[PDB]
Each structure stands twice: as C-alpha cells, then as structure tokens.
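Chemist: One structure, pasted below without further comment.
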Amino acid sequence: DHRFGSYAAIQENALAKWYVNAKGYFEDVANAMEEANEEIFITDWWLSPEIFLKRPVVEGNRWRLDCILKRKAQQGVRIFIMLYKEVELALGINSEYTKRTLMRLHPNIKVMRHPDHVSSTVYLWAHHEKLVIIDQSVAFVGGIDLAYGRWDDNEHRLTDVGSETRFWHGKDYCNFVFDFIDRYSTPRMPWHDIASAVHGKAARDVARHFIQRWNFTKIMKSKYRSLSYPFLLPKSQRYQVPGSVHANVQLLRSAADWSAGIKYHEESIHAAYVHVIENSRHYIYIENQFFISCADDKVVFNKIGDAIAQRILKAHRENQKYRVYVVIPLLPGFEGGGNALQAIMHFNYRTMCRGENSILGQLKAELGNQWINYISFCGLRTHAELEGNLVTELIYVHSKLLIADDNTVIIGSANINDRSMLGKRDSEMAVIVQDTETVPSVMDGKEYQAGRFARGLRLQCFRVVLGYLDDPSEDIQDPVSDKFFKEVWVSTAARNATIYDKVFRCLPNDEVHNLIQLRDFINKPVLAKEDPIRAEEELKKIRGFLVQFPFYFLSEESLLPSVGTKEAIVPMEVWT
Ligand SMILES: C[C@@H](CN1CCC2(CC1)OC(=O)NC[C@H]2c1cccc(F)c1)NC(=O)c1ccc(F)cc1
C-alpha cells in the first residue's frame, strides 16, 4: 500500500550518495563501521572475511573486514550477519567456514545462514541482496558484495605484480572468465559495479527489511533446533558520510514467503524499472550483469525488455529524440563447454537481437534498420602489458544500474532477469532516487535543469567507459545530442571493438558463428604477439573501455541440443 507496492514509503528529502566501483564504496563502509555505536547489519551472497576495505594497504590489518568487525564487536557493538547458504555442489563458496570464522572473533558477532540445510524443502533461489546497515542510521545498498574480486578503481587494471603497490592480495586477485590463477602469466578480471548509500529514515527502511528476515529465519530455524540468538527490533523516530546530497529516496525489494516470510510476494524493484522506463522523457542508461527480458509468458516473464522497445516506438511515433544505453558483460561470469554460460548467453541474445520477440525484432518490424538512432548495446574491454607480453581481458560489469533523464536513478543488486525481478525468485533489494536539487545542464542542445545526484552519476559513468576521466570532458555534457550519441558513444564503441579484434583476435566475435569456427579462429596467428610494436602503437588509439556488443557470436549454435539430455530434470526457468 505504498508507491510501486513497496514496503517502504517515499522518504522525501533524505541523504543519499552514489558509488562508482567498490574502492570508494568499501572505504566509506569501513569509515562508517568504525564509528558504529550500537549495531551493524550485514547480509551478503558471498562474504570474504580477510579483504581490505581501504587500499592501498594502509595501517596493517586495521581495515581488513574481519578485523574491522572484530574491533567494533569488542566495544560492545552487536554485529549481525546474514549469509546465503550455498548449494552443496557449490565448491567455491564455503559459508560454513566464514560462519565459524566470523563468530570465532567475538561473541558479539552472530551469523545466520539461509536457506536451511536441515530443511526437507528444496530451495532453488538465493539471497542476492547486499546491504550493510550501521545503527539503522546509515545503510549501503548496491550490487557489490564484500567478497574477493569486487574492489576496483576507475582504471580497471589487469596487472598487479608490484611489491609498485600490490592492490589485490592473494585470492582477491581472480579471473572468473574462461587451479589458482598465475598472477604473472594471466591477467585478472576487473570489477565494474555500482552501489549507493542512504541515511535517516530511509536507512531505517533498509533495517526493517533486515529485521524481518532475521526474525523470520530464526523461527524457521527453530522448527529443527533452538537458537541462542536474539530477536531484533526496528529503531524509533547522528552520522553522515561526506559527499551526500539531498533527494527523494524510496527502498525497493524482491521478497517472498520462503525468503522474508511475507504473505504476498513483493516485486517493487520490477515495477519501478517499468515505471521509470515508461515515464522517461529523454534517455535511459542501463548497466546490468544480465539482459534477460522480452516476456513470452512461457519461460521469461519480466516486462523490462518489452517496456524498452515499446518506449522507443513511442519516440519514433512522436518524432521525439530518444537514446537508450545498454551495457552488459561480453560474457557471463562462469568458469563454449559450460552449462550456465550457454544458457545465459542464449536468453541474453534472445532479449537483444535473436527472435521476433526480441527488442530489435520489435523495433525492426516497424522502423527497420533505423533502430541505430535510438538504442545501443555495448560491453567493456581493456588491455595491458604483462611480463613483457600484451594481454587483454573483458571488464565484467556486475552493476545493476538504471538512470533516466538526469533526474531518476535506480541502484541495487537485482539483475534484469526473472530471477531478480519476479520477487518470488531470488531475494533482491534496490533503491530509487529522484532528484530535487537542480543544476544547469544541457539536453538536446537546449538548456536543461538536471538533478545533482543523477547527472553527477551519469557524468561519472560516462567518463569511465568513454575515456574522458581526468580530462576536459567537453563533449559528454549533453547525453541525447546527435553529436554525442553518434560521434562519441557509438563511434568510440565501434572503434575499440575493431581494434581489439585486429590486435588481439579476442572472443566474443560477431565473425564466429559456430563452435567449429571457434577452434580455427583461435589457432590463427595473433597480431599482438607476432608484431608487438605495431600492436602497441595501434592500441594507443583506444579511448575508454566501451566496445560494441557482438550480435552474431555463436549465432548458428542452438541451446537445446548442446545443453539438453535424453531425460532432463532441471527446469529451464532456473537460468532465466
Ligand atoms: C563473478 C560472479 C558471477 N556469478 C554469476 C551467477 C550469480 C552469482 C554471480 O549471479 C547473480 O547475479 N546472482 C546469483 C548467481 C546466478 C546463478 C545462476 C543464474 C543467475 F541468473 C544468477 N561469480 C562469483 O561471484 C563467484 C565466482 C567463483 C566462486 F568460486 C564463487 C563466486
């Protein structure tokens, strides 16, 4: 009975702050935790206790996650951590270890894991929300877990062979695309993510979600054994993070009975995505880990992909100038010859370009090849010089971000898929921030009064991917202009994609349509190794990380014959 059907009201004039990449996010969460007085609420899909939140490594282990919690728990602070119980076959995650590891620090640290391992019921879905709440007054929401490989800055380095500084220590140096990886022979996979912070009553809204799940999980755990944990209570009607701005903030979530014990499932994140897309007047910026939409009422059901295509058709009808920006990883983040990778690539391409129900399918059916003037799909990629050999790796965009009209922003942990959006599936949490303070800006060449929160986030987002960071940043002020869209965004994305394909002969390529074509393409000479001087000079023309998304990678490959068996028992709705 709130806006979007959310459990949390619209906290008008609240303190909020956006984060691009984890470096600033981990730093503010560390400074906020150190100044805690009563409580610290943590919930993570994956948690790694021995990571440093302040880098370069400053004062020993002072800012290591387990030591930060240990230090505050010894001052009388009650810390509550809620972890996701991984599948038994998930070898990489060991929640039982971190559960004992965290609780062996101090008795003021109590951890609970859901789903229940002892329950006779079978759980398909996970707890993917990432929120840290301090004293129910400061709360952090986004798609960044307190886990290995999340910390990164805006350069997205591929190398870390210093002793000059070593940023990713030990297992924090990882590569989750394509045996402990060799730091001196193989580059790491950079982490591009988005998070945010809120204060005041909006942070109490984030806390109530934590309290509901904590008390709910305790009862469900009690069906099998008694717990020596306490019940938590919401605080009733002091600290501020530097750099926040005043704006309208509302909390959103994806919760059901199995996850939060709610009577009727909630998909406020999903409804807000559709509403912000439908009521956008100028542009939409999308930055998501997965692009699985365009509902067919059989396997896919969320309405985001249909909303994007139908919104462009209205712009084509009313002669409006509209720009959409979709940024997704070049490949899904899984260890082709895989089961989750082939399924997720398929349903991503199904949403993007393959099919009559796809976005471009709905577009081409009425405007033909002139969809290029409205929507653009891109990925991230970078290069580096390692051990004397030129190497490249894609940048995994794990952010779950939506921006519209330089006024509305949605930051959270929910991907664009049925798993995150339906609400009854994976448990997610997001925040929508509508701007009230205006700043002079440009849009469609005219004078535009844009908000400080949203335009500031778009500007920072544009600078990172386009290579205008610590630079004049003169062309990127107007995001809708015909000069910026065609000559800057699509031009930079197209140029970089061809340079990497010519220099590195990397994958994914829109020139490889079959798995048999894949084996011949990579056993071909590479330009980066046979002519390094020419490659290094050619690589200097790259600006930023933006590359165009290949539409025809493994186009002639079908999903069912590769993944299907004679008698299958795994529903396909798990990968959508
Ligand atoms: C790089 C990241 C990619 N994962 C992608 C998949 C998931 C989780 C992150 O993605 C999502 O968003 N939620 C839950 C997951 C999911 C699963 C199936 C279908 C989905 F749609 C989503 N891997 C890890 O962190 C990691 C790697 C190695 C490890 F040893 C331990 C952890």
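Numbering starts fresh at 1 for the residues of each chain in the structure tokens, the chains themselves are lettered A, B, ... in the order given, and ligands are numbered from 1 as they appear.
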Taking the chain letters and numbering used in this document, name the residues of stretch 249-431 of chain A that DSSP puts in helix (DSSP H, G or I), as a PyMOL selection string.

Modeler: chain A and resi 257-260+268-278+304-317+340-352+359-371+418-421

Chemist: As a quick test: using only C-alpha atoms and all ligand atoms, which residues lie no more than 8 Å away from ligand 1? Give them as a PyMOL selection string.

Modeler: chain A and resi 45-46+90-93+126+128+147-148+176+289-290+332-335+340+344+396+398+413-415+417-420+426+574-576

Chemist: Can you spit out the residues from that selection as an mmCIF file, in the first residue's frame, using N, CA and C atoms?

Modeler:
data_model
loop_
_atom_site.group_PDB
_atom_site.id
_atom_site.type_symbol
_atom_site.label_atom_id
_atom_site.label_comp_id
_atom_site.auth_asym_id
_atom_site.auth_seq_id
_atom_site.Cartn_x
_atom_site.Cartn_y
_atom_site.Cartn_z
ATOM 1 N N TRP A 45 25.558 -12.281 -0.423
ATOM 2 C CA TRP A 45 25.520 -13.540 -1.156
ATOM 3 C C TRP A 45 26.819 -14.311 -0.962
ATOM 4 N N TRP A 46 27.949 -13.606 -0.992
ATOM 5 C CA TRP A 46 29.262 -14.175 -0.729
ATOM 6 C C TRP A 46 30.052 -13.184 0.113
ATOM 7 N N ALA A 90 28.240 -26.394 -4.773
ATOM 8 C CA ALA A 90 28.990 -25.159 -4.991
ATOM 9 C C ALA A 90 30.309 -25.270 -4.240
ATOM 10 N N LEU A 91 31.379 -25.593 -4.964
ATOM 11 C CA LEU A 91 32.671 -25.817 -4.325
ATOM 12 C C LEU A 91 33.367 -24.516 -3.953
ATOM 13 N N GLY A 92 33.078 -23.427 -4.668
ATOM 14 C CA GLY A 92 33.796 -22.185 -4.446
ATOM 15 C C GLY A 92 33.393 -21.447 -3.187
ATOM 16 N N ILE A 93 32.117 -21.517 -2.810
ATOM 17 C CA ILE A 93 31.608 -20.836 -1.625
ATOM 18 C C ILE A 93 31.581 -21.827 -0.471
ATOM 19 N N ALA A 126 18.201 -17.775 -4.251
ATOM 20 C CA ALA A 126 19.266 -17.332 -3.362
ATOM 21 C C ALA A 126 18.956 -15.958 -2.781
ATOM 22 N N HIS A 128 20.483 -12.643 -2.824
ATOM 23 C CA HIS A 128 21.481 -11.926 -3.606
ATOM 24 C C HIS A 128 21.627 -10.466 -3.191
ATOM 25 N N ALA A 147 33.276 -9.310 -1.000
ATOM 26 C CA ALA A 147 33.850 -10.567 -1.456
ATOM 27 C C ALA A 147 35.093 -10.314 -2.295
ATOM 28 N N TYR A 148 35.791 -11.409 -2.601
ATOM 29 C CA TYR A 148 37.009 -11.346 -3.396
ATOM 30 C C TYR A 148 36.712 -10.848 -4.804
ATOM 31 N N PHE A 176 37.208 -14.764 -13.224
ATOM 32 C CA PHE A 176 36.061 -15.663 -13.293
ATOM 33 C C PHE A 176 35.549 -15.862 -14.718
ATOM 34 N N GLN A 289 24.275 -6.842 -15.170
ATOM 35 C CA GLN A 289 25.050 -8.065 -15.352
ATOM 36 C C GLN A 289 24.385 -9.004 -16.350
ATOM 37 N N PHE A 290 23.058 -8.960 -16.446
ATOM 38 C CA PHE A 290 22.298 -9.861 -17.295
ATOM 39 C C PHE A 290 21.200 -9.066 -17.980
ATOM 40 N N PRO A 332 28.961 -13.992 -19.733
ATOM 41 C CA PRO A 332 28.553 -14.187 -18.340
ATOM 42 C C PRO A 332 29.715 -14.675 -17.490
ATOM 43 N N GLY A 333 29.625 -14.397 -16.193
ATOM 44 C CA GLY A 333 30.688 -14.733 -15.266
ATOM 45 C C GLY A 333 30.629 -16.155 -14.746
ATOM 46 N N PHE A 334 31.063 -17.117 -15.561
ATOM 47 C CA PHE A 334 31.091 -18.518 -15.164
ATOM 48 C C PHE A 334 32.384 -19.168 -15.639
ATOM 49 N N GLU A 335 32.790 -20.222 -14.935
ATOM 50 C CA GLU A 335 34.006 -20.958 -15.266
ATOM 51 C C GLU A 335 33.875 -21.673 -16.609
ATOM 52 N N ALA A 340 25.829 -23.095 -17.573
ATOM 53 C CA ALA A 340 25.214 -21.814 -17.241
ATOM 54 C C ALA A 340 25.586 -20.725 -18.237
ATOM 55 N N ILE A 344 22.772 -18.650 -20.408
ATOM 56 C CA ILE A 344 22.614 -17.225 -20.142
ATOM 57 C C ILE A 344 22.970 -16.394 -21.370
ATOM 58 N N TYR A 396 34.094 -7.160 -16.416
ATOM 59 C CA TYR A 396 32.790 -7.673 -16.020
ATOM 60 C C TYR A 396 31.993 -6.550 -15.376
ATOM 61 N N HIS A 398 29.153 -5.891 -13.357
ATOM 62 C CA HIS A 398 28.241 -6.529 -12.416
ATOM 63 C C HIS A 398 27.262 -5.535 -11.810
ATOM 64 N N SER A 413 20.869 -4.537 -6.315
ATOM 65 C CA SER A 413 21.506 -5.818 -6.566
ATOM 66 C C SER A 413 20.719 -6.685 -7.536
ATOM 67 N N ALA A 414 19.589 -6.201 -8.042
ATOM 68 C CA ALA A 414 18.707 -7.002 -8.879
ATOM 69 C C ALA A 414 19.159 -6.912 -10.331
ATOM 70 N N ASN A 415 19.468 -8.062 -10.922
ATOM 71 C CA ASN A 415 19.763 -8.131 -12.343
ATOM 72 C C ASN A 415 18.472 -7.985 -13.153
ATOM 73 N N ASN A 417 16.573 -9.970 -14.945
ATOM 74 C CA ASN A 417 16.176 -11.337 -15.244
ATOM 75 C C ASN A 417 14.999 -11.693 -14.350
ATOM 76 N N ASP A 418 14.355 -12.815 -14.668
ATOM 77 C CA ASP A 418 13.229 -13.256 -13.854
ATOM 78 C C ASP A 418 13.683 -13.638 -12.454
ATOM 79 N N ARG A 419 14.922 -14.117 -12.322
ATOM 80 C CA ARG A 419 15.452 -14.479 -11.012
ATOM 81 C C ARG A 419 15.414 -13.297 -10.051
ATOM 82 N N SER A 420 15.770 -12.106 -10.529
ATOM 83 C CA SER A 420 15.864 -10.937 -9.665
ATOM 84 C C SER A 420 14.601 -10.086 -9.653
ATOM 85 N N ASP A 426 14.706 -14.966 -6.695
ATOM 86 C CA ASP A 426 15.806 -14.511 -5.855
ATOM 87 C C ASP A 426 15.377 -13.304 -5.030
ATOM 88 N N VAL A 574 15.426 -21.891 -14.401
ATOM 89 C CA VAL A 574 16.468 -21.568 -13.430
ATOM 90 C C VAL A 574 17.488 -20.590 -14.006
ATOM 91 N N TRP A 575 17.716 -20.620 -15.317
ATOM 92 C CA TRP A 575 18.692 -19.731 -15.931
ATOM 93 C C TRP A 575 18.080 -18.432 -16.436
ATOM 94 N N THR A 576 16.756 -18.323 -16.465
ATOM 95 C CA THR A 576 16.104 -17.090 -16.887
ATOM 96 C C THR A 576 15.914 -16.159 -15.692
#

Chemist: Could you give me, as a list in words, the residues within 7 Å of residue A:267, counting only C-alpha atoms and dropping anything in the same chain fewer than 5 positions from it?

Modeler: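 Residues meeting the cut-off are residues 253, 254, 421, 422 and 423 of chain A.
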
Chemist: Residues of the last selection are to be written out with N, CA, C and O atoms, as an mmCIF file, in the first residue's frame.

Modeler:
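Final file, result-v4.cif:
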data_model
loop_
_atom_site.group_PDB
_atom_site.id
_atom_site.type_symbol
_atom_site.label_atom_id
_atom_site.label_comp_id
_atom_site.auth_asym_id
_atom_site.auth_seq_id
_atom_site.Cartn_x
_atom_site.Cartn_y
_atom_site.Cartn_z
ATOM 1 N N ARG A 253 12.380 -3.881 -3.106
ATOM 2 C CA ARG A 253 12.888 -5.207 -2.786
ATOM 3 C C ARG A 253 12.125 -6.267 -3.561
ATOM 4 O O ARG A 253 11.028 -6.030 -4.072
ATOM 5 N N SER A 254 12.740 -7.445 -3.634
ATOM 6 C CA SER A 254 12.142 -8.658 -4.184
ATOM 7 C C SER A 254 12.131 -9.682 -3.054
ATOM 8 O O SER A 254 13.177 -10.241 -2.711
ATOM 9 N N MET A 421 13.831 -10.082 -10.739
ATOM 10 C CA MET A 421 12.727 -9.136 -10.865
ATOM 11 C C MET A 421 11.381 -9.688 -10.418
ATOM 12 O O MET A 421 10.545 -8.918 -9.932
ATOM 13 N N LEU A 422 11.142 -10.993 -10.558
ATOM 14 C CA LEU A 422 9.812 -11.521 -10.262
ATOM 15 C C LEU A 422 9.454 -11.384 -8.788
ATOM 16 O O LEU A 422 8.268 -11.315 -8.447
ATOM 17 N N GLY A 423 10.444 -11.346 -7.906
ATOM 18 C CA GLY A 423 10.215 -11.176 -6.480
ATOM 19 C C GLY A 423 10.060 -12.493 -5.754
ATOM 20 O O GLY A 423 10.627 -12.686 -4.677
#

Chemist: Give me every strand (DSSP E or B) residue in stretch 150-388 of chain A, going by DSSP on the backbone, as a PyMOL selection string.

Modeler: chain A and resi 191-192+194-199+245-255+266-267+283-287+291+323-327+375-386

Chemist: Need to verify the contact set: stretch 129-132 of chain A, 6 Å, only C-alpha atoms, exclusion of same-chain residues closer than 2 positions in sequence. Can you return it as a compact mmCIF listing (two decimals) with C-alpha atoms, in the first residue's frame?

Modeler:
# COMPACT_ATOMS: atom_id res chain seq x y z
CA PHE A 41 23.70 -5.31 9.96
CA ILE A 42 25.34 -7.26 7.15
CA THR A 43 23.90 -9.60 4.54
CA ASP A 44 25.83 -10.95 1.57
CA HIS A 127 19.72 -14.25 -1.17
CA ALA A 139 22.82 1.94 5.15
CA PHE A 140 24.56 0.81 1.95
CA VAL A 141 22.65 -0.77 -0.95
CA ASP A 145 29.37 -7.93 -2.23
CA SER A 413 21.51 -5.82 -6.57
CA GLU A 428 16.97 -8.63 -4.03
CA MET A 429 16.99 -5.05 -2.78

Chemist: Quick one: of A:159, A:212, A:244, A:555, who's nearest to residue A:28, counting only C-alpha atoms?

Modeler: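 When distances to residue A:28 are compared using only C-alpha atoms, the smallest one comes from A:244.
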